Amino acid sequence: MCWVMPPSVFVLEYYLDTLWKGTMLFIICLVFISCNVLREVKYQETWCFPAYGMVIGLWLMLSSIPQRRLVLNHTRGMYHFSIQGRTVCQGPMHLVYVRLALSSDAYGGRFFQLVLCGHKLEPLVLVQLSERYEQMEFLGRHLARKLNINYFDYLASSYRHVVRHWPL
Amino acid sequence: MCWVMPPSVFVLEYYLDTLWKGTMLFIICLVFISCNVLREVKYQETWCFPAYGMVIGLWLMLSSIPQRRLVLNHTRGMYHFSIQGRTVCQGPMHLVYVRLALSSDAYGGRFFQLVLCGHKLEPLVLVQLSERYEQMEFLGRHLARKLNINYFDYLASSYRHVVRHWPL
Amino acid sequence: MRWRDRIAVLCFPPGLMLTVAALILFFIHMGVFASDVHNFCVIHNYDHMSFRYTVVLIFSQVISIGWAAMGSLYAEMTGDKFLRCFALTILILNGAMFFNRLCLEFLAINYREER
Amino acid sequence: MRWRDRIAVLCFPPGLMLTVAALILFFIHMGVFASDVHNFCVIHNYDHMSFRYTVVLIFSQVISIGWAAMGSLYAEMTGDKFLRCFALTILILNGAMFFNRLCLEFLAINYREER
Ligand SMILES: CC(C)CCC[C@@H](C)[C@H]1CC[C@H]2[C@@H]3CC=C4C[C@@H](O)CC[C@]4(C)[C@H]3CC[C@]12C
Ligand SMILES: CC(C)CCC[C@@H](C)[C@H]1CC[C@H]2[C@@H]3CC=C4C[C@@H](O)CC[C@]4(C)[C@H]3CC[C@]12C
């Protein structure tokens, strides 16, 4: 899977995982429907917790999303924000970045994620492997080989990050 | 009133008369509340008619309006649509006109009204007197002496109407 | 514009609100229809069924129908298909619910009173 | 943008909707509060009071308080005073509402059951 994804021929497409959340909510509450705990001796009925489960799962399922795409076509594409049907965000460069983000806990453990920054864009969260830095900018160079725009790092400019298009 | 209003020093201000309708609806319902018709022999109760009247009157009363104004100040004013608080419509000329409109019934009787045309502007309906044509462009020339913009007539251009600013 | 400010005040944009009023009329009339059917089928509690408010909610029905129509007509010129689909769907559901309640009331006729 | 399209689909703009959900929680909870005081004051039909659902609607209360707070926090950065005033007013009314129902439940404590 290391090779196949980086070339990302022309456009890339993207989706969301909230449909998974809605599906597991529906499954769990459907389990909750039939033969729940019998706590009439507790002088109460707990059906409204799964009723709020109905409400939450039905809303989370309603967040449908067709294939979030851009004009990342390996050309002079404007990186206009594209959705099947409607279009919202347009911009001549200078907005679509790729940035490394860091998070820390009370102990101090560092977790690293990636985000394709822009006007209401989609992130680049890698698949559940962030303890070390590994190579960092090699995938950034591969994105550059795609359609070079930026490869931003943490904090300010300083060093250790590369820019390609600038608005001055 | 003929020499008071057409001079209209600098700005003009304007309001709506829907508050009159709301107040009349409130008065009618308050009459309807105490000692209405006793039609229990009709096997029905008609409190929902004044209830719907209250819904309508409360909604119409909510149409508040601070003094609809423009930049009709006797200068190079932009005629920017002005409201105490928010502002919406802005345009460089070519939109604020004054137009004569006509209405007819089945018999063929003609009624003449006037409208200050523009993006969501207010009209210039005269005080309940439209049977004869009288003077037409005399009040139009007075508006021209104010801040000459247009004085449009019915139908197409043809003749009998004057323009002052054009966008070509 | 600032829908924000649109929803701000003094009043509001064109029609719209007048269209979504038919929606909440549909909500309350659907609730009343459901209560009527529920009391007709199982509980059999004709004492508290809506035999008493008969013509006033029919007048509410008809003004809601006219309101949804007038909203559709006054909102069609925006040139956008979604608003027209919204208004036409509301008109269709209101007409269907009106005809359904008319059939229900014409059916349960031997249960109110006699003249 | 096309609020139009914003309200169009796939989902919706940021938060907002999550703030107006607290509004309709306030609607239903003020409704049951009104029913509760009405049954406490005149009709006296404790068999059908809200004696039976007591902890689940309290959990709904606290989740609505948290929702309104989180919506205010998630909508404050729009830079517009009207949205902040909106969200803060809903938070204040929900909080006073919650304290009111807490006080009323703590008052009617001799009418439920006993351990
Ligand atoms: C006034 C405009 C907005 C129309 C709304 C009509 C409302 C106010 C009317 C229409 C339907 C009505 C209800 C229909 C059925 C019931 C149950 C019945 O056993 C007693 C009357 C009662 C409780 C009515 C109360 C008032 C009611 C809710
Ligand atoms: C599920 C989430 C959205 C919370 C909504 C809570 C709803 C489902 C709860 C809270 C208030 C509840 C009502 C409160 C009072 C009454 C009257 C009582 O004599 C029987 C129960 C009954 C009829 C309850 C039915 C369920 C109810 C409407």
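Bear in mind these aren't lab numbers, they're just calculated from the coordinates by the rules spelled out. Note that each Cβ is placed from the backbone with ideal geometry, even for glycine, and that neighbours are counted across all protein chains shown.
Observations on the structure shown:
- In order through the range D:15-27: 3J(HN,Hα) via Karplus (6.51 cos²θ - 1.76 cosθ + 1.60), integer Hz, x for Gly, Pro: x, 4, 2, 5, 6, 5, 4, 3, 4, 6, 3, 5, 4
- For A:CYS89, the residues whose amide H sits under 5 Å from its own are A:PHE81, ignoring neighbours fewer than 5 places away on the same chain, with H placed 1.01 Å from N.
- 30 Å Cα-Cα threshold exceeded, pairs from B:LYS21/C:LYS81; B:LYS21/B:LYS120; A:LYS120/B:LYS120; A:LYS21/D:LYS81; A:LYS146/C:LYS81: B:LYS21/C:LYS81; A:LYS120/B:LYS120; A:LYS21/D:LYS81; A:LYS146/C:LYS81
- The modelled label-to-label distance for the pair D:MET17/C:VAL32, using points 7 Å beyond Cα in the direction of Cβ, is 3.1 nm.
- Per residue Cα convex hull volume in Å³ - calculated over the range B:1-99: 177
- For q = 0.06, 0.08, 0.11, 0.12 Å⁻¹, Debye-computed log10 I/I(0) when each Cα of the protein assembly as shown counts as one equal scatterer: -0.53, -0.91, -1.36, -1.45
- Its relative contact order, with pairs defined as Cα atoms under 8 Å and 6+ residues apart, puts chain D at 30 percent.
- Residues whose amide H falls under 5 Å from that of B:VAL162, counting only those 5 or more places apart or on a different chain, are B:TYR151, with hydrogens built in the peptide plane.
- Fewest-first sequence of C:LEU88, D:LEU25 by Cβ atoms within 10 Å of each Cβ: C:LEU88, D:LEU25
- Note on the range D:69-115: Kirkwood radius taken over Cα pairs, Stokes-Einstein applied at 10 °C and 1.306 mPa s, translational D equal to 124 µm² s⁻¹.
- Exposure proxy ranking, count of Cβ atoms within 10 Å, fewest first, for A:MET61, D:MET97, B:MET1, C:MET77: B:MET1, C:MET77, A:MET61, D:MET97
- Annotation for the range B:76-136 versus the range A:103-139: alpha-carbon center distance of 60 Å.
- Taking the Cα centre of the protein assembly as shown as origin and assigning +1 to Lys and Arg Cβ atoms and -1 to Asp and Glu Cβ atoms, the resulting dipole is close to 2160 debye.
- Relative to the longest principal axis of the Cα atoms of chain D, the long axis of helix D:56-75 makes an angle of roughly 20 degrees.
- The 3J(HN,Hα) values that the Karplus relation (6.51, -1.76, 1.60; θ = phi - 60°) gives for the range B:113-121 are, in residue order, 10, 9, 9, 7, 7, x, 6, 6, 8 Hz. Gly and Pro appear as x.
- For the pair A:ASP17 and D:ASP47, a Förster radius of 45 Å applied to the C-beta separation gives a FRET efficiency near 0.40, rounded to the nearest 0.05.
- Amide proton proximity set for B:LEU114, modelled H, under 5 Å, gap of 5+: B:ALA101, B:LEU124, B:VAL125, B:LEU126
- Placing unit charges on the Cβ atoms only, positive for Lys and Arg and negative for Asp and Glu, gives the range A:43-168 a dipole magnitude near 700 debye about its Cα centre.
- In terms of surrounding Cβ atoms within a 10 Å radius of their Cβ, D:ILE90, A:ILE56 rank from fewest to most as A:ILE56, D:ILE90.
- Across all directions, the average projected area of the convex hull around the alpha carbons of chain D is 9.4 nm².
- The other copies place their D:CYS41 label points at 3.6 nm from this one, listed shortest first, where each point is 7 Å from Cα along Cα→Cβ.
- Its convex hull of Cα atoms gives the range B:53-161 a direction-averaged projected area, equal to a quarter of the hull surface, of 10.0 nm².
- Note on the range C:34-115: with charges restricted to the Cβ of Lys and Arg (+1) and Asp and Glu (-1), its dipole about the Cα centre is near 120 debye.
- Dipole of the protein assembly as shown, positive direction: furthest Cα of B:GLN113, C:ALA108, A:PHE26, with charges on the beta-carbon: B:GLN113
- Listed values for the range C:105-115 are Karplus-derived 3J(HN,Hα) couplings in whole Hz (6.51 cos²θ - 1.76 cosθ + 1.60, θ = phi - 60°), namely 5, 5, 6, 7, 10, 8, 10, 9, 4, 10, 10, and x replaces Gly and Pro.
- Projected label distance in nm at A:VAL88 and C:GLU76, using a 7 Å step from Cα toward the beta-carbon: 3.2
- Förster radius 22 Å - calculated FRET efficiency between C:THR89 and C:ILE63, Cβ distance, rounded to 0.05: 0.70
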